[PDB]
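[1] from the sequence below, what's the structure:
(2 chains, ligands or ions: 7)
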Amino acid sequence: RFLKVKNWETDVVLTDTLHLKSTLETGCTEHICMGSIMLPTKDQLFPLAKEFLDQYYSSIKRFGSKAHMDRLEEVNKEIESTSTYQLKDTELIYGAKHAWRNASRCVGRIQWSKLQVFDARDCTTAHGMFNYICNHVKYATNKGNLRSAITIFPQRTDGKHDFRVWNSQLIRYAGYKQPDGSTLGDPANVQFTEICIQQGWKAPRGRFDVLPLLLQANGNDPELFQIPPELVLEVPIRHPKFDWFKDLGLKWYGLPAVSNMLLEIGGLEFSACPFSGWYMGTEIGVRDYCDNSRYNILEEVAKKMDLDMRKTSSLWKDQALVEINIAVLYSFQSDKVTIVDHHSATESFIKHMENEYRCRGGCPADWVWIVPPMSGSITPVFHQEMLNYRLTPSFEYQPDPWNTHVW
Amino acid sequence: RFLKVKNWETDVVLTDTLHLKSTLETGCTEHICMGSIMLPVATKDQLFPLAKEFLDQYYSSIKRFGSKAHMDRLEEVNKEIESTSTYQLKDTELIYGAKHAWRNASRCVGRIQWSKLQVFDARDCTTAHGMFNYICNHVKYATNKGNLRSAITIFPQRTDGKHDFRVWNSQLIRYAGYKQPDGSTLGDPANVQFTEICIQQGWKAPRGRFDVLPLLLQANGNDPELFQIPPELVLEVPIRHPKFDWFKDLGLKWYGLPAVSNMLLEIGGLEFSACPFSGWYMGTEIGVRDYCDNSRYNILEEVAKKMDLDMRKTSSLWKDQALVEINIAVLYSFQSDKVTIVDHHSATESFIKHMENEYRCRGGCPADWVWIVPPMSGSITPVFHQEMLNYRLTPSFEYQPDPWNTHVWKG
Ligand code: HEM
Ligand code: HEM
Ligand SMILES: Cc1cc(N)nc(C[C@@H]2CNC[C@H]2OCCNCCc2cccc(F)c2)c1
Ligand SMILES: Cc1cc(N)nc(C[C@@H]2CNC[C@H]2OCCNCCc2cccc(F)c2)c1
Ligand SMILES: C[C@H](O)[C@H](O)[C@H]1CNc2nc(N)[nH]c(=O)c2N1
Ligand SMILES: C[C@H](O)[C@H](O)[C@H]1CNc2nc(N)[nH]c(=O)c2N1
Ligand SMILES: [Zn+2]
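    Residues are numbered from 1 along each chain as shown, chains lettered A, B, ... in the order given. Ligands and ions are numbered 1, 2, ... in the order given. The structure is reproduced below:
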């Protein structure tokens, strides 16, 4: 029941007791490991509420206190008639921060307690949503000195009155299929970009066209909105040594802001809850630029470096991937926009795991996601055993709204 | 039940039904995943069932499931079990067994080659000296002047667990490590403890950065004895870089034959505690892990110095930058000496082909993503984008405790 993790580089051994307060299911059985799978009512809504308040009140050292009990009964009452309930602000803030704290795929959690939570539960329209979003973007960007935040729209009711942001991120680049079969911009968003044009977006059909936001309030048809360009901090990508780097025409946005997840607190479901932090250099440099079905610029970059592309074994893909990633970090630093490299982010997460083990008794962690997609073994998380388990409050994936919605 | 895995790069979905033919637990539960944990005397009662399963498998693969020869083999094994409390695998069975252990090794990216594996039956061996001879002939055959060939050598199975054959080395060829007074290590820091044991056992250590350790061999439960592999049998490659001439001045070399010798081979209930096997290296094994792990030779710093890198700030990717050059240098030296080696791009691509084919013809390929994904440049290799299912099939290679921890000394 007590479980140990070992780091094979330092011989450090931590004892996990947090996973016994674990509640959702991992997808694994005693017979099969699914660690590398991307995605493995009144009766129900109450015990969830009770478990959440138990954990809240214990955190502010008023476990078993009268305020605790009184809140419990007050929630049970709203439930026994309304079929749902409302979080207090303090609960909402605590629940958000913990959903981040329990995000087993997030390497950036050392920062979990400094989250800014904008309570948008008084929202009622897509224009409302647009205004909350712009405000969130502007606060988070903070002229390049980024700050974590999450904006929380009204919780689910009957599930036909959901609030949803259809973009998978607040800020992402257009994808256009072409009459030769190739792609322009970002192929990950090709479908979304069609959905935007087929709702009436006039697309400039260029390589780095910031997508329009597309927002659904209270079950309604969703609606388009251009984020004010002066709110989208973008970084032109250049290299410290390679003067030529600049003319590949690359740039990237400063604000990563995940917008398609569902926030679950005490059995309540916040289907629209965009959140934002700041980039680790590899997300842009390795994945965004070099993933085969993304910008796929390796072929081109190594060309400029005059390396030997005649064999996989000259490691030309690898040499170029490094320079690209040196370039992304250099651009963001030079431009005073927050970015962290994969060495420093992983070191921090080691320090954070260590903290969470002594303060909480563990830290759910998903090794497949925490190990950066380059230079794995030269970062210390590589040598670190991690236990993956699902704690609540939490962020969960949810179907792309366009499969679900009813017009 | 059927389970699907998606490759997120090419959108290929595959369907695993093979995980159903799978008895051993994983370490995971419905409530916790231990996918990244390194490590999460059998009786009559248990033995027959395991023999049966195995022989059912064997006879299926030769399309003789149900045949007189099948029924009579079962009955001969059952008989032999009741009479002797163990049993003897036929040669054909042992070969099939070893091949299937490898094919089932979910942490091995090299499995495309599983059916081509040379099996040496050393079940007649009785002494350490007989082991030294077997192993020498394994090394010579497998090395094959740089054109490496897969091989495994199998010594007598465990009996009462008191008469074990063991190769105390973790690999048949590995460099000494020496902890000095000042805290630093000369040679490979991974082999310090084993090195100490060798010296204790009477090995005179040359005390250089690349001393090939002696074989330390235990037969029939006996105390192990020391043997120097003939050095003309130990093929080595001095490491240089195609463009950096100072690289050779680092003084690096490596042996060409990766040969694991601490694992246990389980076939139809039988445990072969000594079964060293060898193939050939993936470049990153030497260049990433052996040279660049902080707990190994750790040349990252020395190489970065020599490159005039900006080492004052990690965000310069000076570690990433040297890592690649070292891996370039390892592939280049092996290829130039005509010693078989494979880069991670080609190994991973090969593995994806193997795994697809395995789903086609077998209904699955157990695979451990944590281990299949190479330790540099993960997402530019196609395994990174591949969902994998991991589970335990037998025949299998299992871990066993280090024998110095379990061995009963006779004097
Ligand atoms: C402060 C800087 C942060 C960094 C550097 C960071 C880093 C990351 C990375 C690298 C991933 C894996 C994504 C990928 O490679 O596709 C990730 C996943 C995730 N992170 Fe963070 N994080 C940060 C802040 C946040 C915040 C503020 C939240 C929420 C409040 C969050 C919640 C999550 C969640 C729920 C996932 C998994 C969802 C997915 O599949 O994308 N992180 N994080
Ligand atoms: C043909 C060339 C081969 C290559 C390139 C290869 C590659 C690898 C690599 C890279 C690993 C992970 C070890 C690490 O990086 O620490 C591994 C694991 C393994 N492979 Fe292979 N392999 C080859 C041949 C073989 C053979 C002949 C066998 C047995 C017949 C085998 C069975 C195994 C086993 C049992 C493991 C687990 C090792 C451990 O857990 O430490 N492979 N393979
Ligand atoms: C808040 C925050 C900060 C930060 N630095 N980083 C993040 C990760 C974003 C979230 N989500 C992907 C990452 O951005 C990378 C974009 N690639 C998409 C990966 C993908 C494709 C298809 C299916 C999937 F399940 C996942 C969030
Ligand atoms: C036959 C063959 C060919 C090849 N290319 N590569 C190999 C991998 C060897 C096996 N064994 C690891 C690799 O050699 C590296 C040694 N590291 C030991 C890994 C380890 C450490 C602590 C706990 C564990 F559970 C496991 C075999
Ligand atoms: C197949 C595998 O699950 C998939 O490629 C995962 C692996 N690790 C990842 N890790 C991060 N950080 N982000 C990802 O998108 C992925 N993809
Ligand atoms: C903690 C973690 O499981 C451990 O460091 C693993 C990760 N992946 C690995 N992968 C390979 N090929 N070889 C290894 O030794 C390891 N080590
Ligand atoms: Zn698992």
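[2] run a quick neighbour tally on residue A:144.
    15 (other CB atoms under 10 Å in any protein chain shown). C-betas here are computed from N, CA, C, even on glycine.
[3] now do it against chain B, distance only.
    16 Å (CB to the nearest CB, to the nearest Å).
[4] OK, contacts around that residue?
    Residues counted as contacts of residue A:144 (CB atoms under 8 Å, 6 or more residues apart in numbering or on different chains) are A:233, A:254, A:335-338.
[5] now, which of these sits nearest residue A:63?
    residue A:338 (37.2 Å; CB to CB).
[6] that closest one should be in a strand, yeah?
    No. Counting by DSSP: H, G, I helix; E, B strand; the rest coil, residue A:338 is not found in a strand; it is coil.
[7] I'd like the contacts of residue A:144 as JSON lines, with neighbour count and distance to ligand 3 appended.
    What follows is those, written out as JSON lines (neighbours: other CB atoms under 10 Å in any protein chain shown; distance: CB to the nearest ligand atom, whole Å):
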{"residue": "A:233", "neighbour count": "19", "distance to ligand 3": "14"}
{"residue": "A:254", "neighbour count": "22", "distance to ligand 3": "11"}
{"residue": "A:335", "neighbour count": "15", "distance to ligand 3": "17"}
{"residue": "A:336", "neighbour count": "10", "distance to ligand 3": "17"}
{"residue": "A:337", "neighbour count": "22", "distance to ligand 3": "13"}
{"residue": "A:338", "neighbour count": "17", "distance to ligand 3": "10"}
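[8] surely residue A:7 touches residue A:381?
    No. Here residue A:7 lies out of contact with residue A:381, judged by CB atoms under 8 Å, at a distance of 9.1 Å.
[9] identify the contacts common to these two.
    By CB under 8 Å, 6+ apart, the residues touching both residue A:7 and residue A:381 are residue A:350.
[10] for the stretch 1-150 of chain A, list the residues in contact with ligand 7, please.
    A:28, A:33, A:35 (CB under 5 Å from the ion).
[11] shouldn't the first one be in contact with residue A:35?
    Yes. Because the distance of 6.9 Å satisfies CB under 8 Å, residue A:28 is recorded as touching residue A:35.
[12] related to what we said a few turns ago, tell me the one among the contacts of residue A:144 nearest to residue A:92.
    residue A:338 (25.8 Å).
[13] nearest residue to residue A:363 other than its sequence neighbours?
    Among residues not flanking residue A:363 along the chain, residue A:356 sits closest, at 3.7 Å (CB to CB, 6 or more residues apart in numbering or on different chains).
[14] quick one: residues in contact with the helix or strand that neighbour falls within.
    Using DSSP states H and E, residue A:356 sits within helix A:342-359. Applying CB under 8 Å, 6+ apart, the external contacts of helix A:342-359 come out as A:7, A:12, A:14-16, A:18, A:107-110, A:280-282, A:340, A:362-363, A:365, A:370, A:372, A:374-375, A:378-381, A:384, A:386, B:314-315, B:319.
[15] and that helix, which residues are buried?
    Buried residues in helix A:342-359, counted by 16 or more other CB atoms under 10 Å in any protein chain shown: A:342-343, A:345-350, A:352-353, A:356-357.
[16] buried residues, the host helix or strand of residue A:90. List them.
    Following DSSP H and E, one finds residue A:90 within helix A:89-101. Counting neighbours by 16+ other CB under 10 Å, one finds that the buried residues in helix A:89-101 are A:91-101.
[17] show me what contacts the nearest residue to residue A:250 once chain neighbours are set aside?
    Closest residue to residue A:250 apart from its sequence neighbours, by CB to CB, 6+ apart: residue A:237 at 4.1 Å. Shown in contact with residue A:237 (CB under 8 Å, 6+ apart): A:245-246, A:248, A:250-252, A:327-328, A:331.
[18] one more time with 10 Å
    A:245-246, A:248-252, A:284-285, A:289, A:324, A:327-328, A:330-332 (CB atoms under 10 Å, 6 or more residues apart in numbering or on different chains).
[19] now those residues: which count as buried?
    Buried among these by 16+ other CB under 10 Å: A:245, A:248, A:250, A:252, A:284-285, A:289, A:324, A:327-328, A:330-332.
[20] which of these fall in strands?
    residue A:252 (DSSP state E).
[21] please flag which of the buried ones among the contacts of residue A:237 sit within helices.
    A:289, A:324, A:327-328, A:330-332 (DSSP state H).
[22] how about stretch A:289-308: buried residues?
    A:289-291, A:294-295, A:297-298, A:301-302, A:307.
[23] could you do stretch A:51-58 as well?
    Of the residues in stretch A:51-58, A:52-53, A:55-57 count as buried by neighbour count, 16+ other CB under 10 Å.
[24] is it positioned near chain B?
    No. Stretch A:51-58 stays clear of chain B (CB under 10 Å from any CB of the partner chain), getting no nearer than 15.4 Å.
[25] export that stretch as PDB, just CAs?
    Extracted in PDB, the C-alpha atoms of stretch A:51-58 (Å, rounded to 0.1, in the frame of the first residue of the first chain):
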ATOM      1  CA  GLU A  51     -15.300  14.300  -0.600                       C
ATOM      2  CA  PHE A  52     -14.300  17.600  -2.100                       C
ATOM      3  CA  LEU A  53     -15.400  19.600   1.000                       C
ATOM      4  CA  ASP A  54     -13.600  17.100   3.200                       C
ATOM      5  CA  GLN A  55     -10.400  17.800   1.400                       C
ATOM      6  CA  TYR A  56     -11.000  21.600   1.300                       C
ATOM      7  CA  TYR A  57     -11.700  22.100   5.000                       C
ATOM      8  CA  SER A  58      -8.800  19.800   5.900                       C
END
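[26] which residues sit against it?
    A:21, A:23, A:62-65, A:67-69, A:71-72, A:75, A:87-88, A:90-91, A:94-95, A:98, A:264-268, A:391-393.
[27] same question, stretch A:75-94
    Residues beyond stretch A:75-94 that count as contacts (CB under 10 Å, 6+ apart) turn out to be A:41-42, A:45-46, A:49-50, A:52-53, A:55-57, A:59-60, A:71, A:74, A:95-96, A:101, A:115-117, A:119, A:121, A:150, A:152, A:155-158, A:263, A:265-270, A:393.
[28] at 7 Å what do you get?
    Where contact means CB atoms under 7 Å, 6 or more residues apart in numbering or on different chains, the residues beyond stretch A:75-94 that reach it are A:42, A:45-46, A:49, A:53, A:56, A:59, A:95, A:117, A:119, A:152, A:157, A:265-266, A:268.
[29] for stretch A:189-207, same thing?
    Contacts for stretch A:189-207 (CB under 7 Å, 6+ apart): A:167, A:172-177, A:183-185, A:209, A:211-212, A:214, A:224, A:249, A:402.
[30] out of the residues you listed, which are inside helices?
    Per DSSP H, helices hold the following members of those: residue A:402.
[31] of the contacts of stretch A:189-207, buried ones?
    By 16+ other CB under 10 Å, these give A:167, A:172-176, A:183-185, A:209, A:211-212, A:214, A:224 as buried.
[32] so which of those reach ligand 1?
    Subset of these in contact with ligand 1: empty, counting by CB under 6 Å from any ligand atom.
[33] want to throw those residues into JSON lines with distance to ligand 5?
    JSON lines is the format used below for the buried ones among the contacts of stretch A:189-207 (distance: CB to the nearest ligand atom, whole Å):
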{"residue": "A:167", "distance to ligand 5": "18"}
{"residue": "A:172", "distance to ligand 5": "15"}
{"residue": "A:173", "distance to ligand 5": "17"}
{"residue": "A:174", "distance to ligand 5": "21"}
{"residue": "A:175", "distance to ligand 5": "17"}
{"residue": "A:176", "distance to ligand 5": "23"}
{"residue": "A:183", "distance to ligand 5": "19"}
{"residue": "A:184", "distance to ligand 5": "23"}
{"residue": "A:185", "distance to ligand 5": "19"}
{"residue": "A:209", "distance to ligand 5": "23"}
{"residue": "A:211", "distance to ligand 5": "20"}
{"residue": "A:212", "distance to ligand 5": "25"}
{"residue": "A:214", "distance to ligand 5": "23"}
{"residue": "A:224", "distance to ligand 5": "28"}
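[34] nearest to ligand 6 among the residues you listed?
    residue A:172 (31.9 Å; CB to the nearest ligand atom).
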